[PDB]
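Let's start with one chain on its own, the form deposited in one PDB entry, as structure tokens.
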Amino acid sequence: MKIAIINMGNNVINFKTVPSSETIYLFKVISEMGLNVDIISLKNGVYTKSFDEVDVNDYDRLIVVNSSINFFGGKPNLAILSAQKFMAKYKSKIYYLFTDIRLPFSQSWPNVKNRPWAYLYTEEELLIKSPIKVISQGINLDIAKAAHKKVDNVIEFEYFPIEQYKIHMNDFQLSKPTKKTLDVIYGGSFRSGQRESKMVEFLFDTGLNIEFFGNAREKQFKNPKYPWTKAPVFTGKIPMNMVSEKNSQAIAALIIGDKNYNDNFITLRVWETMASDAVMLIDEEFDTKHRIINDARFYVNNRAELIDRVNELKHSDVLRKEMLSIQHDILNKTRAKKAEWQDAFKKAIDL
């Protein structure tokens, strides 16, 4: 049983980029469940083999991490092209890891055939014909199916909480008490404005000391529907493997998601925050049944409630510590079911 895992649209080298990091983390957690897996990318490296030096059909399972396939500038992007050529050459079922609602599987050929550089490829080389099974991080498969309505060979859909790999890694550990320098923190990208209203609601004009780290920049928040006066402090992006340490610098860390994530997706940040030294504060709309933690104190409905909750946490170190203890225990409750999680993954990739 030989497994190959690839990222469909980003080069994989180290933990300096999120797409690379997630692909390596996946390679690691799969390896840790006793499976023989190789990451195949553009070049050989510490964690990878090169597309041009391996035969994709020597593998029994091909796993693909979702990605955008947009050709910015209308120029060729080898990460996308080489990955899809690799997929197209494969003659068995492809397992597409759908961790981001914005990144459903899509074919590059239709968007390559009319380019001035189309001559560099052929339909046979890029058009992926093998059956594809979508492994949805979201429990609502109708939403996952809707996102893949325009791709005929996607014949199977199955839910699997892919994002739990963060807590099941062999080197995992909870963050320790950390000196606080912020009231609230949130790390992420702008996501092309898909979550602008929520970001403005909970991170802007709060009167609190808030930091927004990651790709996002203040000048990206210009939608007239969600005005603001005082923005949080924006700092640069950091490596994925340093995120929990960053979250720990704050009293609390925010959990919000895209509309389609509500009561559907449990995201990496849920685990990165829950395991950190920052109290996890979740937008009620994101988890209305409180399935993450059955304690109302971890949920906020709007800006005012967030401000009040944070004020309460700043005022009572006892409450802060009590809540951290609670979220840490809940996290460990899920870590306890690691074997179950591993078995469900194997079943998802037909093993």
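Here the rigid core means the biggest group of C-alpha atoms that line up within 1.5 Å when the two forms are laid on top of each other. All residue numbers refer to positions in the sequence shown, first residue = 1.
One more form of this protein, deposited in another entry, exists but is not displayed; see below.
Asker: Rigid core as reference, CA moved 2 Å or more between the shown form and the other one - which of 69, 35, 313, 63?
Answerer: Comparing both forms, the shifted residue turns out to be 313.
Asker: For residue 221, is the CA shift between the shown form and the other one at least 2 Å following rigid-core superposition?
Answerer: True for residue 221: a C-alpha shift of 2 Å or more.
Asker: For residue 203, is the CA shift between the shown form and the other one at least 2 Å following rigid-core superposition?
Answerer: It does shift by 2 Å or more.
Asker: Relative to the superposed rigid core, does residue 230 relocate between the shown form and the other one - that is, does its Cα move 2 Å or more?
Answerer: Yes, its C-alpha moves 2 Å or more.
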